[PDB]
$ cat data_25.csv   # CSV, C-alpha atoms and all ligand atoms
chain,number,residue,atom,x,y,z
A,1,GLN,CA,-40.0,0.7,-8.9
A,2,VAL,CA,-43.3,-1.0,-8.3
A,3,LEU,CA,-42.4,-3.5,-11.0
A,4,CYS,CA,-40.0,-6.4,-10.6
A,5,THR,CA,-37.1,-4.5,-12.0
A,6,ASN,CA,-34.7,-7.3,-11.2
A,7,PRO,CA,-36.1,-10.7,-12.3
A,8,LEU,CA,-34.1,-13.9,-11.7
A,9,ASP,CA,-36.2,-15.8,-14.2
A,10,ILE,CA,-39.2,-15.3,-16.5
A,11,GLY,CA,-41.2,-18.1,-18.2
A,12,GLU,CA,-43.9,-20.7,-17.8
A,13,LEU,CA,-43.9,-22.2,-14.3
A,14,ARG,CA,-44.5,-25.9,-14.9
A,15,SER,CA,-45.2,-28.8,-12.4
A,16,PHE,CA,-42.5,-31.5,-12.3
A,17,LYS,CA,-45.2,-34.1,-11.9
A,18,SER,CA,-47.8,-33.1,-14.6
A,19,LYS,CA,-45.7,-30.8,-16.9
A,20,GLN,CA,-48.7,-28.4,-16.6
A,21,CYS,CA,-48.6,-24.6,-16.3
A,22,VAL,CA,-49.2,-22.9,-13.0
A,23,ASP,CA,-52.1,-20.7,-14.1
A,24,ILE,CA,-54.2,-17.7,-13.0
A,25,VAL,CA,-57.9,-17.9,-13.8
A,26,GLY,CA,-58.8,-15.7,-16.8
A,27,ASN,CA,-56.2,-13.8,-18.7
A,28,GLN,CA,-56.1,-10.7,-16.5
A,29,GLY,CA,-53.4,-12.1,-14.2
A,30,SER,CA,-55.5,-11.7,-11.1
A,31,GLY,CA,-57.5,-14.4,-9.3
A,32,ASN,CA,-57.1,-18.0,-8.2
A,33,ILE,CA,-53.9,-19.9,-8.9
A,34,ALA,CA,-54.2,-23.5,-10.2
A,35,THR,CA,-52.7,-25.7,-12.9
A,36,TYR,CA,-54.0,-25.6,-16.5
A,37,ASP,CA,-53.1,-26.2,-20.1
A,38,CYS,CA,-50.3,-24.0,-21.3
A,39,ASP,CA,-52.2,-21.4,-23.4
A,40,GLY,CA,-49.3,-19.1,-24.2
A,41,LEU,CA,-51.0,-16.0,-22.8
A,42,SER,CA,-48.9,-13.5,-20.8
A,43,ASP,CA,-50.6,-14.4,-17.5
A,44,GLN,CA,-48.8,-17.7,-17.7
A,45,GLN,CA,-45.4,-15.9,-18.1
A,46,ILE,CA,-44.4,-16.1,-14.4
A,47,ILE,CA,-41.8,-13.8,-13.0
A,48,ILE,CA,-39.5,-15.2,-10.4
A,49,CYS,CA,-38.5,-11.9,-8.9
A,50,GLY,CA,-35.1,-11.0,-7.4
A,51,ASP,CA,-36.9,-9.5,-4.3
A,52,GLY,CA,-38.4,-13.0,-3.7
A,53,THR,CA,-42.0,-12.3,-4.9
A,54,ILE,CA,-43.6,-14.3,-7.6
A,55,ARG,CA,-45.4,-12.3,-10.3
A,56,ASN,CA,-46.6,-12.5,-13.9
A,57,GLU,CA,-46.4,-10.6,-17.3
A,58,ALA,CA,-50.1,-9.7,-17.4
A,59,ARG,CA,-50.4,-7.8,-14.1
A,60,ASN,CA,-48.2,-6.5,-11.3
A,61,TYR,CA,-49.6,-9.0,-8.8
A,62,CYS,CA,-48.1,-11.3,-6.3
A,63,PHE,CA,-48.4,-15.0,-5.5
A,64,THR,CA,-50.1,-14.7,-2.2
A,65,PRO,CA,-51.2,-17.3,0.4
A,66,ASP,CA,-54.9,-16.7,1.2
A,67,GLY,CA,-54.3,-17.1,5.0
A,68,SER,CA,-51.8,-18.2,7.7
A,69,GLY,CA,-52.1,-22.0,7.9
A,70,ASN,CA,-52.4,-24.4,5.0
A,71,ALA,CA,-54.2,-21.9,2.8
A,72,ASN,CA,-55.1,-21.5,-0.9
A,73,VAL,CA,-52.7,-19.4,-3.1
A,74,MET,CA,-54.2,-16.5,-5.0
A,75,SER,CA,-52.7,-13.8,-7.3
A,76,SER,CA,-53.5,-10.5,-5.6
A,77,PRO,CA,-52.0,-7.0,-4.9
A,78,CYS,CA,-48.4,-6.9,-3.8
A,79,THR,CA,-47.9,-5.2,-0.4
A,80,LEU,CA,-44.9,-3.1,-1.4
A,81,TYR,CA,-44.9,-0.5,1.3
A,82,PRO,CA,-43.4,0.0,3.8
A,83,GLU,CA,-41.7,-3.2,2.5
A,84,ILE,CA,-42.7,-6.6,1.0
A,85,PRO,CA,-43.9,-8.8,3.9
A,86,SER,CA,-42.5,-12.3,4.4
A,87,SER,CA,-45.9,-13.9,3.6
A,88,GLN,CA,-45.4,-12.8,-0.1
A,89,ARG,CA,-41.8,-13.8,-0.3
A,90,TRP,CA,-40.6,-17.3,-1.5
A,91,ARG,CA,-37.4,-19.3,-1.9
A,92,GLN,CA,-35.9,-22.4,-3.6
A,93,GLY,CA,-35.8,-25.5,-1.5
A,94,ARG,CA,-34.3,-28.8,-2.7
A,95,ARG,CA,-33.8,-29.2,-6.4
A,96,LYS,CA,-34.3,-32.0,-8.9
A,97,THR,CA,-32.5,-31.4,-12.1
A,98,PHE,CA,-33.4,-33.0,-15.5
A,99,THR,CA,-33.2,-32.8,-19.3
A,100,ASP,CA,-36.5,-32.5,-21.2
A,101,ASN,CA,-37.4,-33.7,-24.7
A,102,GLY,CA,-36.1,-30.4,-26.1
A,103,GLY,CA,-32.7,-31.3,-24.9
A,104,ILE,CA,-32.7,-28.4,-22.5
A,105,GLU,CA,-31.6,-28.7,-18.9
A,106,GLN,CA,-34.3,-27.7,-16.5
A,107,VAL,CA,-34.1,-27.3,-12.7
A,108,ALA,CA,-37.3,-28.1,-10.7
A,109,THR,CA,-37.3,-27.0,-7.1
A,110,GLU,CA,-39.6,-26.6,-4.0
A,111,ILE,CA,-41.0,-23.2,-3.7
A,112,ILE,CA,-41.0,-22.4,0.0
A,113,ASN,CA,-43.0,-19.5,1.6
A,114,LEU,CA,-40.9,-17.3,3.9
A,115,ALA,CA,-43.5,-16.6,6.5
A,116,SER,CA,-45.1,-20.1,7.0
A,117,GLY,CA,-42.0,-22.0,5.8
A,118,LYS,CA,-44.5,-24.1,3.8
A,119,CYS,CA,-44.3,-25.4,0.2
A,120,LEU,CA,-46.1,-24.4,-2.9
A,121,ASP,CA,-48.4,-27.4,-3.6
A,122,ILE,CA,-51.1,-28.9,-5.7
A,123,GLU,CA,-53.9,-31.0,-4.1
A,124,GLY,CA,-52.8,-34.6,-3.5
A,125,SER,CA,-50.1,-36.1,-5.6
A,126,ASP,CA,-51.8,-35.2,-8.8
A,127,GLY,CA,-55.2,-33.6,-9.0
A,128,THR,CA,-54.5,-31.7,-11.3
A,129,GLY,CA,-56.1,-28.4,-10.3
A,130,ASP,CA,-56.1,-26.1,-7.3
A,131,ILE,CA,-52.9,-24.7,-5.9
A,132,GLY,CA,-51.9,-23.8,-2.4
A,133,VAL,CA,-49.3,-24.3,0.3
A,134,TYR,CA,-48.6,-27.5,2.3
A,135,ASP,CA,-45.9,-29.4,4.2
A,136,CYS,CA,-42.8,-30.3,2.2
A,137,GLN,CA,-42.8,-34.1,1.5
A,138,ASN,CA,-40.6,-34.5,-1.6
A,139,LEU,CA,-43.2,-35.8,-4.0
A,140,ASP,CA,-42.5,-34.8,-7.6
A,141,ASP,CA,-45.6,-32.6,-7.7
A,142,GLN,CA,-44.2,-30.1,-5.2
A,143,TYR,CA,-41.4,-29.5,-7.7
A,144,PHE,CA,-41.6,-26.7,-10.3
B,145,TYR,CA,-49.9,31.7,13.9
B,146,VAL,CA,-49.2,32.1,10.1
B,147,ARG,CA,-49.7,28.5,9.0
B,148,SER,CA,-46.7,27.1,7.2
B,149,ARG,CA,-46.9,24.1,4.9
B,150,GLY,CA,-43.1,23.6,4.6
B,151,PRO,CA,-41.6,24.1,1.0
B,152,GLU,CA,-43.1,23.6,-2.1
B,153,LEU,CA,-42.0,20.3,-3.5
B,154,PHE,CA,-43.9,20.4,-6.8
B,155,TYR,CA,-46.1,22.6,-8.9
B,156,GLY,CA,-47.7,21.0,-11.9
B,157,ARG,CA,-50.4,18.8,-13.4
B,158,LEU,CA,-50.7,15.1,-12.7
B,159,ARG,CA,-50.8,12.9,-15.8
B,160,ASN,CA,-51.9,9.3,-15.3
B,161,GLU,CA,-49.5,6.4,-16.3
B,162,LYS,CA,-52.3,4.2,-17.6
B,163,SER,CA,-54.3,6.6,-19.7
B,164,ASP,CA,-52.3,9.8,-20.0
B,165,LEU,CA,-55.3,11.7,-18.8
B,166,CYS,CA,-54.9,14.5,-16.3
B,167,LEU,CA,-56.0,14.6,-12.6
B,168,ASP,CA,-58.9,17.0,-13.1
B,169,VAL,CA,-61.6,18.9,-11.1
B,170,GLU,CA,-65.2,19.2,-12.5
B,171,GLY,CA,-65.9,22.6,-14.1
B,172,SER,CA,-63.1,25.1,-13.9
B,173,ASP,CA,-63.9,26.6,-10.5
B,174,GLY,CA,-61.4,24.3,-8.9
B,175,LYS,CA,-64.1,23.1,-6.5
B,176,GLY,CA,-66.0,19.8,-6.3
B,177,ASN,CA,-65.4,16.3,-7.5
B,178,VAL,CA,-62.0,15.1,-8.7
B,179,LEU,CA,-61.9,12.8,-11.7
B,180,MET,CA,-59.8,11.8,-14.7
B,181,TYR,CA,-60.2,13.9,-17.7
B,182,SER,CA,-58.4,15.3,-20.8
B,183,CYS,CA,-55.4,17.5,-20.2
B,184,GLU,CA,-56.6,21.0,-20.6
B,185,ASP,CA,-54.3,24.0,-20.1
B,186,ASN,CA,-56.4,25.5,-17.3
B,187,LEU,CA,-55.3,26.5,-13.9
B,188,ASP,CA,-57.9,24.1,-12.4
B,189,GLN,CA,-55.6,21.1,-13.2
B,190,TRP,CA,-52.5,22.5,-11.6
B,191,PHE,CA,-51.6,21.5,-8.0
B,192,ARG,CA,-49.0,22.5,-5.5
B,193,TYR,CA,-47.5,19.8,-3.3
B,194,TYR,CA,-46.1,20.8,0.0
B,195,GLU,CA,-43.8,19.3,2.7
B,196,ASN,CA,-46.8,18.9,5.0
B,197,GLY,CA,-48.4,16.5,2.5
B,198,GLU,CA,-51.1,18.7,1.2
B,199,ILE,CA,-52.0,18.9,-2.5
B,200,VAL,CA,-53.5,22.3,-3.1
B,201,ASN,CA,-55.4,23.2,-6.2
B,202,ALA,CA,-54.0,26.2,-8.0
B,203,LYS,CA,-57.4,27.6,-9.1
B,204,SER,CA,-59.4,27.3,-6.0
B,205,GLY,CA,-56.6,27.3,-3.4
B,206,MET,CA,-58.2,24.4,-1.5
B,207,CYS,CA,-57.0,20.8,-0.7
B,208,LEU,CA,-57.2,17.4,-2.4
B,209,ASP,CA,-59.5,15.7,0.1
B,210,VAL,CA,-61.2,12.4,0.8
B,211,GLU,CA,-64.8,12.1,1.8
B,212,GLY,CA,-65.4,11.9,5.6
B,213,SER,CA,-62.3,11.4,7.8
B,214,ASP,CA,-61.3,7.7,7.4
B,215,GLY,CA,-59.3,8.4,4.2
B,216,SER,CA,-61.6,6.0,2.3
B,217,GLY,CA,-64.1,7.1,-0.4
B,218,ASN,CA,-64.5,9.7,-3.1
B,219,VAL,CA,-61.9,12.4,-3.7
B,220,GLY,CA,-62.6,16.0,-4.3
B,221,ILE,CA,-61.5,19.5,-3.4
B,222,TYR,CA,-62.4,20.7,0.0
B,223,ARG,CA,-61.3,23.3,2.7
B,224,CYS,CA,-57.8,22.6,4.2
B,225,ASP,CA,-58.6,21.7,7.8
B,226,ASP,CA,-55.1,20.4,8.8
B,227,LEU,CA,-56.5,16.8,9.0
B,228,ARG,CA,-54.4,13.8,8.1
B,229,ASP,CA,-56.9,12.5,5.5
B,230,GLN,CA,-56.0,15.6,3.4
B,231,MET,CA,-52.3,14.6,3.5
B,232,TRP,CA,-50.5,12.5,1.0
B,233,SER,CA,-47.0,10.9,0.8
B,234,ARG,CA,-45.3,9.9,-2.4
B,235,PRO,CA,-43.5,6.7,-1.4
B,236,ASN,CA,-40.6,5.8,-3.7
B,237,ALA,CA,-41.7,2.2,-3.4
B,238,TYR,CA,-44.8,2.7,-5.6
B,239,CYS,CA,-43.1,4.7,-8.3
B,240,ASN,CA,-42.2,3.7,-11.8
B,241,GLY,CA,-39.8,6.3,-13.1
B,242,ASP,CA,-41.5,9.7,-12.6
B,243,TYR,CA,-45.0,8.2,-12.2
B,244,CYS,CA,-45.9,7.8,-8.6
B,245,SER,CA,-48.7,6.9,-6.2
B,246,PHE,CA,-50.1,9.2,-3.6
B,247,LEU,CA,-50.6,7.5,-0.3
B,248,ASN,CA,-53.2,8.9,2.1
B,249,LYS,CA,-51.7,9.5,5.6
B,250,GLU,CA,-55.0,8.7,7.4
B,251,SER,CA,-55.7,5.3,5.7
B,252,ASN,CA,-52.5,4.1,4.0
B,253,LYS,CA,-54.7,3.9,0.9
B,254,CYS,CA,-53.7,5.1,-2.6
B,255,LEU,CA,-55.1,7.8,-4.8
B,256,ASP,CA,-57.0,5.7,-7.3
B,257,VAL,CA,-59.0,5.7,-10.4
B,258,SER,CA,-62.0,3.3,-10.7
B,259,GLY,CA,-61.5,0.3,-12.9
B,260,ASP,CA,-58.2,-0.8,-14.4
B,261,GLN,CA,-58.1,1.7,-17.3
B,262,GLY,CA,-57.4,4.9,-15.5
B,263,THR,CA,-60.4,6.8,-17.1
B,264,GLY,CA,-63.2,7.0,-14.5
B,265,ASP,CA,-63.8,8.8,-11.1
B,266,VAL,CA,-61.1,9.4,-8.5
B,267,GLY,CA,-61.2,8.0,-4.9
B,268,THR,CA,-59.0,6.1,-2.6
B,269,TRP,CA,-58.4,2.3,-2.6
B,270,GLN,CA,-55.9,-0.4,-1.6
B,271,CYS,CA,-52.4,0.3,-3.1
B,272,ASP,CA,-52.3,-2.4,-5.8
B,273,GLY,CA,-49.2,-1.3,-7.7
B,274,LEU,CA,-51.0,-0.8,-11.0
B,275,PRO,CA,-50.4,1.9,-13.7
B,276,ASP,CA,-53.8,3.5,-13.0
B,277,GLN,CA,-52.7,4.6,-9.6
B,278,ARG,CA,-49.5,6.3,-10.8
B,279,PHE,CA,-49.2,10.0,-11.7
B,280,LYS,CA,-46.4,12.1,-13.3
B,281,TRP,CA,-45.8,15.7,-12.4
B,282,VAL,CA,-45.9,17.5,-15.7
B,283,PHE,CA,-44.9,21.1,-16.5
B,284,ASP,CA,-46.0,21.5,-20.2
B,285,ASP,CA,-48.9,23.4,-21.6
B,286,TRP,CA,-50.1,20.5,-23.8
B,287,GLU,CA,-53.7,19.9,-24.7
B,288,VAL,CA,-55.4,16.9,-26.3
A,301,LIG,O1,-59.9,-22.2,-15.5
A,301,LIG,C1,-59.5,-20.9,-15.7
A,301,LIG,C2,-59.3,-20.6,-17.2
A,301,LIG,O2,-59.9,-19.4,-17.6
A,301,LIG,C3,-59.9,-19.1,-19.0
A,301,LIG,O3,-60.5,-17.9,-19.3
A,301,LIG,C4,-61.9,-18.0,-19.2
A,301,LIG,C5,-62.5,-16.9,-20.1
A,301,LIG,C6,-62.8,-17.5,-21.5
A,301,LIG,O4,-63.0,-16.3,-22.3
A,301,LIG,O5,-63.7,-16.4,-19.5
A,301,LIG,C7,-63.7,-16.8,-18.1
A,301,LIG,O6,-64.9,-17.7,-18.0
A,301,LIG,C8,-63.8,-15.7,-17.1
A,301,LIG,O7,-64.2,-14.5,-17.8
A,301,LIG,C9,-62.5,-17.7,-17.9
A,301,LIG,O8,-62.7,-18.8,-17.1
A,301,LIG,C10,-58.4,-18.9,-19.4
A,301,LIG,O9,-58.3,-18.8,-20.8
A,301,LIG,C11,-57.6,-20.1,-19.0
A,301,LIG,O10,-56.2,-19.7,-19.2
A,301,LIG,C12,-57.8,-20.6,-17.5
A,301,LIG,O11,-57.1,-19.7,-16.7
A,302,LIG,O1,-55.0,-30.0,0.2
A,302,LIG,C1,-54.5,-31.2,-0.5
A,302,LIG,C2,-53.5,-31.9,0.5
A,302,LIG,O2,-54.0,-33.1,1.0
A,302,LIG,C3,-53.7,-34.4,0.3
A,302,LIG,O3,-54.4,-34.5,-0.9
A,302,LIG,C4,-55.8,-34.8,-0.7
A,302,LIG,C5,-56.1,-36.3,-0.9
A,302,LIG,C6,-57.0,-36.8,0.3
A,302,LIG,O4,-56.5,-38.1,0.7
A,302,LIG,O5,-56.9,-36.5,-2.1
A,302,LIG,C7,-57.3,-35.2,-2.6
A,302,LIG,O6,-58.7,-35.1,-2.6
A,302,LIG,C8,-56.8,-35.1,-4.1
A,302,LIG,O7,-57.7,-35.8,-4.9
A,302,LIG,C9,-56.6,-34.1,-1.8
A,302,LIG,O8,-57.6,-33.2,-1.2
A,302,LIG,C10,-52.2,-34.5,0.0
A,302,LIG,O9,-51.7,-35.6,0.9
A,302,LIG,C11,-51.4,-33.2,0.3
A,302,LIG,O10,-50.1,-33.3,-0.4
A,302,LIG,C12,-52.1,-32.0,-0.1
A,302,LIG,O11,-52.1,-31.9,-1.6
A,303,LIG,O1,-65.0,16.3,-16.6
A,303,LIG,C1,-66.1,17.1,-16.2
A,303,LIG,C2,-66.0,18.5,-16.9
A,303,LIG,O2,-66.9,19.4,-16.3
A,303,LIG,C3,-67.0,20.7,-16.8
A,303,LIG,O3,-67.6,21.4,-15.7
A,303,LIG,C4,-68.5,22.5,-15.8
A,303,LIG,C5,-70.0,22.1,-15.9
A,303,LIG,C6,-70.9,22.5,-14.8
A,303,LIG,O4,-71.3,23.8,-15.0
A,303,LIG,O5,-70.4,22.7,-17.2
A,303,LIG,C7,-69.4,23.5,-17.8
A,303,LIG,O6,-70.0,24.8,-18.0
A,303,LIG,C8,-69.0,22.9,-19.1
A,303,LIG,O7,-67.9,23.6,-19.8
A,303,LIG,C9,-68.2,23.6,-16.8
A,303,LIG,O8,-68.0,24.9,-16.2
A,303,LIG,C10,-65.6,21.3,-17.2
A,303,LIG,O9,-65.7,22.3,-18.2
A,303,LIG,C11,-64.5,20.3,-17.7
A,303,LIG,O10,-63.2,20.8,-17.6
A,303,LIG,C12,-64.6,19.0,-16.9
A,303,LIG,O11,-64.1,19.3,-15.6
A,304,LIG,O1,-68.1,15.6,1.3
A,304,LIG,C1,-66.7,15.7,1.7
A,304,LIG,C2,-66.6,16.1,3.1
A,304,LIG,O2,-67.1,15.0,3.9
A,304,LIG,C3,-67.2,15.3,5.3
A,304,LIG,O3,-67.8,14.2,6.0
A,304,LIG,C4,-69.2,14.1,5.8
A,304,LIG,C5,-69.8,13.6,7.1
A,304,LIG,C6,-70.4,14.7,7.9
A,304,LIG,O4,-69.7,15.9,7.8
A,304,LIG,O5,-70.7,12.6,6.8
A,304,LIG,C7,-70.7,12.2,5.4
A,304,LIG,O6,-71.9,12.7,4.8
A,304,LIG,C8,-70.5,10.7,5.2
A,304,LIG,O7,-69.5,10.2,6.1
A,304,LIG,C9,-69.5,13.0,4.8
A,304,LIG,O8,-69.8,13.5,3.5
A,304,LIG,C10,-65.8,15.6,5.9
A,304,LIG,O9,-66.0,16.0,7.2
A,304,LIG,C11,-65.2,16.7,5.1
A,304,LIG,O10,-63.8,16.9,5.5
A,304,LIG,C12,-65.2,16.4,3.6
A,304,LIG,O11,-64.3,15.3,3.4
A,305,LIG,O1,-63.8,1.7,-6.0
A,305,LIG,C1,-63.4,1.7,-7.4
A,305,LIG,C2,-62.8,0.3,-7.7
A,305,LIG,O2,-63.3,-0.1,-9.0
A,305,LIG,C3,-62.9,-1.4,-9.4
A,305,LIG,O3,-63.5,-1.7,-10.6
A,305,LIG,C4,-64.9,-1.9,-10.6
A,305,LIG,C5,-65.3,-2.9,-11.6
A,305,LIG,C6,-66.1,-4.1,-11.0
A,305,LIG,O4,-67.2,-3.5,-10.3
A,305,LIG,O5,-66.2,-2.2,-12.5
A,305,LIG,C7,-66.4,-0.9,-12.2
A,305,LIG,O6,-67.8,-0.6,-12.0
A,305,LIG,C8,-65.9,0.0,-13.3
A,305,LIG,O7,-65.8,1.4,-12.9
A,305,LIG,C9,-65.7,-0.6,-10.9
A,305,LIG,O8,-66.6,-0.3,-9.8
A,305,LIG,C10,-61.4,-1.4,-9.6
A,305,LIG,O9,-60.9,-2.7,-10.0
A,305,LIG,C11,-60.7,-1.0,-8.3
A,305,LIG,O10,-59.3,-0.8,-8.6
A,305,LIG,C12,-61.3,0.3,-7.7
A,305,LIG,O11,-60.7,1.4,-8.4
A,306,CA,CA,-54.9,-18.0,-17.8
A,307,CA,CA,-49.6,-32.4,-2.9
A,308,CA,CA,-61.7,21.1,-15.3
A,309,CA,CA,-62.2,14.8,4.7
A,310,CA,CA,-58.5,1.3,-9.9
A,311,MG,MG,-54.8,-21.6,-5.5
A,312,MG,MG,-63.9,12.1,-7.2

$ encode --input "data_25.csv" --output "structure tokens"
Amino acid sequence: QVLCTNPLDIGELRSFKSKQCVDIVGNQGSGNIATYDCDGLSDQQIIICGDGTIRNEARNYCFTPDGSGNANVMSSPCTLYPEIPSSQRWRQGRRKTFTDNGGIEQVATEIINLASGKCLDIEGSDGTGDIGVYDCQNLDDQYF
Amino acid sequence: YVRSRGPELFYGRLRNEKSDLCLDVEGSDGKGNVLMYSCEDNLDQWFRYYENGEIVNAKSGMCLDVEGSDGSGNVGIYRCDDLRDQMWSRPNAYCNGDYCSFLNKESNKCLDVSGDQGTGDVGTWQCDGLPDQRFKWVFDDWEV
């Protein structure tokens, strides 16, 4: 099982600030990760995986920090052997919980990298484009 | 010494998960380049996989080998010179059902087909966890 055979959650990963989709350039599901209009293509169907990786329905690829400091986040091959490294694993931090116009309860949280202990982040407090990691500072744009 | 390979783990053809093409050798001598091609019921497309990691072609009696010694480059059939670049493991981590990746012992790189569509030439590449790098052992006499 190279796939995520035990997903916690599957759907569009939206930013709490902008309500915009976390997106991979193109429709292949590989490339740079940045926000964008929700276009309903399978590359925007994000898999929150039980093993702690973040993937997508278009391609068996992992949300990967492009370095060791405050680096850009790309969608690239999952290192799966000998085991998934901590750099490609993520976790829920603090959680804001709200009800959208659909009348459905949503739960936005910080997405914290397990190697650097840093936060999934968009540039500034509302760019609204390029995504990477950063220090966790409770702004409503570090919530997804 | 009489060189032992250990058992005999598999004897069959290798059908590609992405394209359902068979791991093939050019011509029918069992010698030369290895590429993806239509499943033909010839002995040149049957391989024996041993405990020692060698994949031996049933027609030619020679090894599935990578160019040079690094374990990176084009794949073909070549003399079995007990080197680690002619040895492959089948890590359960990169399987999807009965379709599995072959990991080169010398370079930790996967047996791979060029492009994403599992139709071109066969070499080694970074294990990316994609269908075109996964092969099923098949025992039928099917042709296209
Ligand atoms: O900003 C990235 C966006 O890319 C779009 O895809 C573009 C297609 C249009 O056919 O061609 C490219 O130029 C590359 O071949 C892409 O930039 C996606 O539809 C958007 O979802 C978005 O990711
Ligand atoms: O990498 C972006 C990080 O830096 C800050 O955002 C930057 C500020 C600079 O004052 O303005 C931008 O140019 C956005 O228009 C960003 O480059 C934020 O404080 C950090 O949260 C983080 O996003
Ligand atoms: O996919 C490549 C194919 O190559 C053929 O290889 C031989 C070449 C070179 O002499 O020409 C033939 O005579 C054509 O039949 C072959 O002996 C194989 O037939 C195909 O199976 C395939 O490997
Ligand atoms: O062509 C497949 C074979 O490649 C040999 O390595 C060659 C060496 C010199 O022998 O230099 C190259 O031209 C480029 O690196 C290679 O083609 C291997 O020793 C053989 O095991 C075999 O893989
Ligand atoms: O070494 C082979 C690699 O091929 C990549 O695909 C390449 C793309 C972009 O150049 O187009 C080709 O020319 C089509 O055959 C390829 O050279 C694959 O994405 C890699 O997985 C790898 O197999
Ligand atoms: Ca897209
Ligand atoms: Ca920010
Ligand atoms: Ca052939
Ligand atoms: Ca070699
Ligand atoms: Ca490939
Ligand atoms: Mg990014
Ligand atoms: Mg080849």

$ residues_around --input "data_25.csv" --residues "stretch 280-282 of chain B" --least-positions-apart "4" --cutoff "12 Å" --atoms "only C-alpha atoms" --output "JSON, numbers by chain"
{"B": [153, 154, 155, 156, 157, 158, 159, 160, 161, 162, 163, 164, 165, 166, 167, 183, 185, 189, 190, 191, 192, 193, 234, 239, 240, 241, 242, 243, 244, 245, 246, 275, 276, 286]}

$ residues_near_ligand --input "data_25.csv" --ligand "ligand LIG 303 (chain A)" --cutoff "6 Å" --atoms "only C-alpha atoms and all ligand atoms" --output "list in words"
residues 169, 170, 171, 172 and 181 of chain B

$ write_last_selection --input "data_25.csv" --atoms "C-alpha atoms" --output "compact mmCIF listing (two decimals), keeping the file's coordinate frame"
# COMPACT_ATOMS: atom_id res chain seq x y z
CA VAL B 169 -61.60 18.90 -11.10
CA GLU B 170 -65.20 19.20 -12.50
CA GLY B 171 -65.90 22.60 -14.10
CA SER B 172 -63.10 25.10 -13.90
CA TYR B 181 -60.20 13.90 -17.70

$ residues_near_point --input "data_25.csv" --point "(-61.0, 9.5, -5.5)" --cutoff "6 Å" --atoms "all atoms listed in the file" --output "ChimeraX atom specification"
/B:218-219,256,266-268

$ atom_distance --input "data_25.csv" --atom1 "atom CA of residue B:220" --atom2 "atom CA of residue B:152"
21.0 Å

$ residues_around --input "data_25.csv" --residues "residue B:233" --least-positions-apart "6" --cutoff "12 Å" --atoms "all atoms listed in the file" --output "PyMOL selection string"
(chain A and resi 81-82) or (chain B and resi 153+193-199+239+244-255)

$ atom_distance --input "data_25.csv" --atom1 "atom CA of residue A:109" --atom2 "atom CA of residue A:67"
23.1 Å

$ residues_around --input "data_25.csv" --residues "stretch 39-56 of chain A" --least-positions-apart "2" --cutoff "9 Å" --atoms "only C-alpha atoms" --output "PyMOL selection string"
chain A and resi 4-13+21-30+36-37+58-64+75+78+84+88-91

$ interface_residues --input "data_25.csv" --of "chain A" --to "chain B" --cutoff "6 Å" --atoms "all atoms listed in the file" --output "VMD selection string"
chain A and resid 1 to 2 77

$ write_last_selection --input "data_25.csv" --atoms "C-alpha atoms" --output "PDB file, in the coordinates of the input"
ATOM      1  CA  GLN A   1     -40.000   0.700  -8.900  1.00  0.00           C
ATOM      2  CA  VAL A   2     -43.300  -1.000  -8.300  1.00  0.00           C
ATOM      3  CA  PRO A  77     -52.000  -7.000  -4.900  1.00  0.00           C
TER       4      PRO A  77
END

$ axis_aligned_box --input "data_25.csv" --around "stretch 170-173 of chain B" --padding-each-side "4 Å" --output "AutoDock Vina command-line options"
--center_x -64.5 --center_y 22.9 --center_z -12.3 --size_x 10.8 --size_y 15.4 --size_z 11.6

$ residues_near_ligand --input "data_25.csv" --ligand "ligand LIG 305 (chain A)" --cutoff "6 Å" --atoms "all atoms listed in the file" --output "list in words"
residues 256, 257, 258, 259 and 260 of chain B

$ atom_distance --input "data_25.csv" --atom1 "atom CA of residue B:283" --atom2 "atom CA of residue B:168"
15.0 Å

$ closest_residue --input "data_25.csv" --among "A:93, A:69, A:102, A:31" --to "ligand MG 311 (chain A)" --atoms "all atoms listed in the file"
A:31

$ residues_around --input "data_25.csv" --residues "residue A:142" --least-positions-apart "2" --cutoff "12 Å" --atoms "only C-alpha atoms" --output "PyMOL selection string"
chain A and resi 14-19+22+92-96+108-112+118-126+131-140+144

$ residues_near_ligand --input "data_25.csv" --ligand "ligand MG 311 (chain A)" --cutoff "7 Å" --atoms "all atoms listed in the file" --output "list in words"
residues 32, 33, 34, 72, 73, 74, 130, 131 and 132 of chain A
